[PDB]
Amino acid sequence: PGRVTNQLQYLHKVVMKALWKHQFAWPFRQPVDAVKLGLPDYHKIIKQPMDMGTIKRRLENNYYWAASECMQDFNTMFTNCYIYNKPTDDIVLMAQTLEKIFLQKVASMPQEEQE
């Protein structure tokens, strides 16, 4: 099903920890609530919702088999934001800022995955 690996530990304790506490992270810590936000078209446009709270819970429950699977969920979270929102929305700039940190930290992840 899933494993604990050196890389998944790094994504959890180093990458996710740094993104979670960021001042721009608050819109991303829980699923988009289309009802609360009054976005009745959100789920007609975005077919795979994702958020850091869901990723964090997956990391804690050993859901992922490999680091790449977790990285793809981070990517989906950011990509959903760019696809749905207007280019001028502040949330787009917040996602871009977080995504740059994600890439910087991923650049220093351990090279070979080990259980």
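Numbers follow the displayed sequence, beginning with 1.
S.K.: Comparing average C-alpha B factors as deposited, tell me which of 65 to 73 and 49 to 57 sits higher.
M.R.: Averaging CA B-factors over each stretch, the winner is 65 to 73.
S.K.: On average, which has the higher Cα B-factor in the deposited entry, 90 to 98 or 8 to 16?
M.R.: Going by the record's values, the stretch with the higher mean is 8 to 16.
S.K.: Ranking every modelled residue in this chain by its Cα temperature factor as given in the entry, which third contains residue 81?
M.R.: Tercile = lowest for this residue's CA B-factor.
S.K.: Looking at the temperature factor on the CA atom of residue 38, which third of the chain's modelled residues does it land in?
M.R.: For residue 38, whose C-alpha B-factor we compare with every modelled residue in the chain, the answer is the highest third.
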